[PDB]
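A.B. asks: This is the structure I have questions about; it appears just below.
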Amino acid sequence: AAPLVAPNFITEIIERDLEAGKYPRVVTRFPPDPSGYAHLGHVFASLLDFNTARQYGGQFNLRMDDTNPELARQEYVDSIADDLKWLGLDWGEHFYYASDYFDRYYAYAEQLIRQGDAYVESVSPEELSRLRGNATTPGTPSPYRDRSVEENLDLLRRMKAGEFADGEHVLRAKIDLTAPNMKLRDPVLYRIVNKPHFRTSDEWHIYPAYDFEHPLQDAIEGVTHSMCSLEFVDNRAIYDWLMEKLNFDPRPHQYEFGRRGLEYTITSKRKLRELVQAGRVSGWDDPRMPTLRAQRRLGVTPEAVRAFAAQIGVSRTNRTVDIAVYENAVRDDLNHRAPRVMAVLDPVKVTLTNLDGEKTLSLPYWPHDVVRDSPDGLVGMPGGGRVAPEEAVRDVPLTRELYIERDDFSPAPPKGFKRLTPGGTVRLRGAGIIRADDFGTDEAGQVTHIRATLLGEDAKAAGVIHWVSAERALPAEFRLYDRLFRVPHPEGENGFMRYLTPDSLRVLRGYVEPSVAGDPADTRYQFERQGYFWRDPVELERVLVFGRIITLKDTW
């Protein structure tokens, strides 16, 4: 069994620590901000944190970093927990709300104050930045840097009580106003924000800045290896300064890995909101959207998402990933799980003039190569469990009236056309050869019907097409999606609507073979020669709709 996490720099850091007995167990965590729905961009990091804990028999924590009162929403907490569970993450009982620890951060802030390691700044916000300096002009203490412990403790208490307006005061770490790393120049730990919190209500008027709460939360949770993106390299000095000034032992350490942005994809919340607002998408769970909710509805399996994330390399360099790796992971996972069935999306009626009396064909759900590569020599049966390949078949009715795909009949065929043509023949999948004897055409020039004859043994044909009984098939709506965006970098490599793919959603009305009527609602299929499909789960719950999960082959 291949390793859950291929050897990477973090993996090596951990084996090195276990080897030296630095920590008894490994503790990791994924700390999203409940400010929006989980999306494809969160998969890599979350799975890296989870699989790392798992690989080394550690603990994985799921944390809602809801420290910003104006962004945290119950709806994102609910969706994120639900989506990550769907993805396969397992945090057991270790689910945390950073807000549940506001008291703990406050007490640490008081300790820092008492040690003379933190002070209440009361200078104007514009002044704070002016006094802070640059990499070419060292900072200068404001007249409040040297306030006494007593005074700072009293002002912090009143800041918490809401006695002062936003921006009037801030609590700052007392570090080094001359350090070359700007982050060490007395970074802000608390800000006044007179806004209620979706959980703590009107309890707090000061909220911890990221650089203060993040390291503390890690420390309070017992995290040993804190993993974040490269953007927080410089922040590590504050992270270390805090762990030290507060004497945490054992203490967590931060390790940064490069970002892995997915191409042709935009995950920025404000931009995705515009698409929803402008109606270019039905909502946040529109299959074309990058949210996990949209992927769940599109029909993608959690197994495929994990196999995609697993293939992504881990390094300290930022890189992009082409969706092809994602798309292929989806297609490859469905190959062994989606029994093959027939559906005609752009139906044209054909009458088999010499056929009297329905014939019942028994066709196999799976291709030989799938059966061959079966781990247990068995294969899937929609609804049932697994069975011997011989058992994986269904009744397919072959009747006088049929429906074939419009593009499989061509009155004016191009050179090398292998399907049905006037006076020509074609093989009907699992049923024999037919010859087009006649057909009608409407004013718009669309073929309205075809009359054909089922031929005998001598007959030959250059092609094979799917089809469905026009009398026993179930009518259905099919939704065909395409990539939301048409270029690798719709946002640029560092107005985005000029890049929306045209006709990213197409609706067609057709028919699917009847065997489908009995199957479980979550059954996934390969509609022969069309793609992988499954019943749109959302439309099922409303007051027969199939969505196309993905095409049979890359089209870009």
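Quick note on naming: the chains in the structure tokens go A, B, ... in the order shown, residues restart at 1 in each chain, and ligands are numbered from 1 in order of appearance.
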Got a sec to tell me which of range 108-178 of chain A DSSP assigns to alpha helix (DSSP H), as number ranges by chain?
C.D. replies: A: 108-114, 125-132, 149-161
A.B. asks: Quick one: residues within 10 Å of residue 301 in chain A, only C-alpha atoms, excluding same-chain residues fewer than 6 positions away - as JSON, numbers by chain?
C.D. replies: {"A": [86, 87, 295, 329, 330, 333, 334, 337, 524, 549]}
A.B. asks: Ranking A:356, A:389, A:530, A:478 by minimum distance to residue 453 in chain A and counting only C-alpha atoms, which one comes first?
C.D. replies: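 Comparing A:356, A:389, A:530, A:478 against residue 453 in chain A, the winner is A:356.
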A.B. asks: Rank A:192, A:223, A:281, A:480 by their smallest atom-to-atom distance to residue 94 in chain A, using only C-alpha atoms, and report the top residue only.
C.D. replies: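 Of the candidates, the smallest distance to residue 94 in chain A is held by A:223.
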A.B. asks: Run DSSP on the backbone and give me the residues of range 169-353 of chain A it puts in strand (DSSP E or B), as number ranges by chain.
C.D. replies: A: 170-173, 188-192, 197, 201, 206-208, 225-229, 253-257, 260-262, 291, 319-321, 340-341, 343-344, 347-352
A.B. asks: Could the residues in this selection be saved with C-alpha atoms as a CSV table (one decimal), in the first residue's frame?
C.D. replies:
chain,number,residue,atom,x,y,z
A,170,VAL,CA,-4.8,49.0,20.1
A,171,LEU,CA,-2.7,46.6,22.2
A,172,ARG,CA,0.7,46.0,20.7
A,173,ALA,CA,3.5,43.5,21.4
A,188,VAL,CA,-0.9,44.8,16.9
A,189,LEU,CA,-2.4,42.1,19.1
A,190,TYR,CA,-5.9,43.5,19.7
A,191,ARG,CA,-8.1,46.0,17.9
A,192,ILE,CA,-11.3,47.6,19.0
A,197,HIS,CA,-20.0,38.2,17.1
A,201,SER,CA,-22.7,38.2,20.9
A,206,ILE,CA,-11.7,43.9,21.2
A,207,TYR,CA,-10.8,41.0,18.9
A,208,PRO,CA,-7.3,39.4,18.5
A,225,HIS,CA,3.5,21.1,13.5
A,226,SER,CA,1.6,24.2,12.3
A,227,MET,CA,1.4,24.3,8.5
A,228,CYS,CA,0.6,27.4,6.5
A,229,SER,CA,1.4,29.0,3.2
A,253,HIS,CA,6.5,25.3,15.3
A,254,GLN,CA,5.4,26.8,12.0
A,255,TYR,CA,6.4,25.3,8.6
A,256,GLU,CA,5.4,27.1,5.4
A,257,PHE,CA,4.7,25.3,2.0
A,260,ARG,CA,-0.9,25.3,-5.3
A,261,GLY,CA,-3.4,27.3,-7.3
A,262,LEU,CA,-5.7,25.4,-9.7
A,291,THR,CA,-16.9,25.2,-4.1
A,319,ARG,CA,3.2,26.6,-8.3
A,320,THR,CA,0.0,26.2,-10.3
A,321,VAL,CA,-1.8,22.9,-11.2
A,340,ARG,CA,-22.4,1.7,-18.6
A,341,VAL,CA,-25.9,2.5,-19.7
A,343,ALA,CA,-29.2,7.5,-23.1
A,344,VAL,CA,-30.0,9.6,-26.1
A,347,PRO,CA,-33.2,12.0,-30.0
A,348,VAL,CA,-34.4,11.2,-33.5
A,349,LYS,CA,-37.1,8.5,-33.9
A,350,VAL,CA,-36.4,5.4,-36.0
A,351,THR,CA,-38.9,2.7,-36.8
A,352,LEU,CA,-37.6,-0.8,-37.5
A.B. asks: Which residue is closest to residue 473 in chain A? Choose from A:523, A:494, A:399, A:374 and count only C-alpha atoms.
C.D. replies: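 Of the candidates, the smallest distance to residue 473 in chain A is held by A:399.
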A.B. asks: When you count only C-alpha atoms, which of these residues is closest to residue 288 in chain A: A:541, A:65, A:203, A:503?
C.D. replies: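 For residue 288 in chain A, the nearest of the given residues is A:503.
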A.B. asks: Between A:382, A:463, A:205, A:147, which has the minimum distance to residue 159 in chain A (counting only C-alpha atoms)?
C.D. replies: A:205
A.B. asks: Using only C-alpha atoms, find the one residue out of A:429, A:54, A:406, A:479 that sits nearest to residue 3 in chain A.
C.D. replies: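 Of A:429, A:54, A:406, A:479, the one nearest residue 3 in chain A, counting only C-alpha atoms, is A:54.
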A.B. asks: Quick one: which range 221-340 of chain A residues come within 12 Å of range 76-85 of chain A, and what is the nearest atom pair for each with the distance in Å to one decimal, counting only C-alpha atoms, rows ordered by chain and ascending number, as CSV?
C.D. replies:
residue,atom,partner,partner_atom,distance
A:284,CA,A:79,CA,11.4
A:285,CA,A:79,CA,11.2
A:291,CA,A:83,CA,9.3
A:292,CA,A:83,CA,6.3
A:293,CA,A:83,CA,6.8
A:294,CA,A:83,CA,10.3
A:295,CA,A:83,CA,10.0
A:296,CA,A:83,CA,8.5
A:297,CA,A:83,CA,11.4
A:302,CA,A:84,CA,9.7
A:305,CA,A:84,CA,11.3
A:306,CA,A:84,CA,11.3
A.B. asks: Report, in Å with one decimal, the straight-line distance from CA of residue 483 in chain A to CA of residue 338 in chain A.
C.D. replies: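 Here the two named atoms are 21.9 Å from each other.
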